[PDB]
Amino acid sequence: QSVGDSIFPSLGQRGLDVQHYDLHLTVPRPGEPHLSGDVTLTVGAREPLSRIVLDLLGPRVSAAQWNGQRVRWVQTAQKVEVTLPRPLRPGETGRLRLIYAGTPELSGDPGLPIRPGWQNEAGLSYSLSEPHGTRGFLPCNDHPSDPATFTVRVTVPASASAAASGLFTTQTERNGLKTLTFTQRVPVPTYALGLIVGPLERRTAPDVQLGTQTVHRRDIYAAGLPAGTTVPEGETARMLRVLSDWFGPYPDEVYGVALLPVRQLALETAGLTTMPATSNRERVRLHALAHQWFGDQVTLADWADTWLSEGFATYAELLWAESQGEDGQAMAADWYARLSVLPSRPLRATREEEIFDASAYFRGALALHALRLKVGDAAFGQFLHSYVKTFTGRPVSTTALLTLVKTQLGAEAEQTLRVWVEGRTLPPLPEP
Ligand SMILES: N[C@@H](Cc1c[nH]c2ccccc12)C(=O)O
Ligand SMILES: [Zn+2]
């Protein structure tokens, strides 16, 4: 019934394909966890579904409709189960509307320093929900194998403002409440939905032209940022140019960061990375932008494969550094030095504690480094382009990566990657 994730075996619904979330979120007091929601999901199915089973953790559903009609539904501790009048069958779509309100719950953190979900701090409420926190404030198929598009209408006090992933279109004001509308038009995982409410400023920059593609530029600055918390002019443009030349077209219509005066890790929310000021460094800004491809466009089939996101986004930092004239092998050697004094593992994680560990970042990055040195920069660059296209609209797995390497780069290239993917001991440092 669930997706059957190796790490989180209860999340999601098997065969469920949510294509679009139309969310109206109302935050009465930014900084306080209470909220209310009105969401319509446009859902498809990959296998016949007699029910729609969504993840929800905290708020209480008060009403549900299926294609405009009253429908039978029950809410458990962590699920909303909607009995459909008839099975939803592949090729068909329906619209599930849920009315809900209450207090989002944070998913317990046994792996990361973040308890993921709806965060409340310093007059700010915002999503920091990787891996399974989005269900706290949004009834969702909470699994990266099912990305979707989002249209979000956020209602906040007039004194406040809001920013969500996607292009900002309208703001209206009535009875002391503002409503802002954002349109995420390319599909991303549930946790990649950025959503921040409170005292925030929108700042635009000139468009970035990437040969037959225009990328809009805007950052968000919340109040109370430390002195010197900035995105310096033109850096995002040069990063977009270097990364897209390596990976292919930037998958979204806008990019920027939302700089927050809190102390947490950066999260790669789509087209608008949620960036605590503590993490606002050049390498982290590159890292988060690389995730727009690897993580947000290319999504995981299973949470055990986080290195396909974290390792790829980490290696992009080395590709960027070399683009700025730096010595990439030295950076690779530094990564290796840091891993050499830590326990190592195969890249496919077996436990939740591992999915964001040092192996996922740096052993994954060095896995790509081994492959690149084996096949050369030209072949490696064409593989990255082929990889992104192969796994757009189809979730990626470690096995599928190795199969792709075998057909595209050959059996020797595949076994080079396999030494780094499999095997408990950390292999020697990859060298030219
Ligand atoms: N994906 C994040 C790590 C991360 C996992 N879960 C999170 C929750 C909140 C913020 C960050 C995270 C990164 O790029 O390093
Ligand atoms: Zn990352």
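Every heavy atom of this structure was used, including side-chain atoms; hydrogens, water molecules and symmetry mates were not. First listed ligand is number 1; within each ligand, the first listed atom is number 1. If you read the sequence from its start, that first residue is 1, and numbering goes on from there.
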Which ligand 1 atoms, with their elements, are less than 4.0 angstrom from a heavy-atom of [X]?
| X | value |
| --- | --- |
| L265 | 10 (C), 11 (C) |
| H291 | 14 (O) |
| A266 | 2 (C), 11 (C), 13 (C) |

To the nearest 10 degrees, how large is the angle at the Zn ion (ligand 2) between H287 NE2 and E310 OE1?
-> 110°
Shortest non-hydrogen separation from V53 to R51 and the atoms involved = CG2-NH2, 3.3 Å
Which heavy atom of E431 sits nearest a heavy atom of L373, and at what distance?
-> C-CD1, 3.5 Å
Step through it carefully: locate the ring centre of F312, locate the ring centre of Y387, and say whether they are under 6.0 Å apart.
-> yes
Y315/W420 aromatic ring centres below 6.0 Å = no
If you measure from each heavy atom of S309 to ligand 1, is any distance below 4.0 Å?
-> no
Can you find a non-hydrogen atom of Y361 under 4.0 Å from ligand 1?
-> yes
Tell me which part of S129 gets within contact of ligand 1: side chain, backbone, both or neither, using heavy atoms under 4.0 Å.
-> neither
Got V197 and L25 here, is their nearest side-chain heavy-atom distance under 4.5 Å?
-> no
Pick from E268, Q264, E130: the one approaching atom 5 (C) of ligand 1 most closely through a non-hydrogen atom = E130
Roughly how far, to the nearest 0.5 Å, is CG of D17 from CZ of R46?
-> 4.0 Å
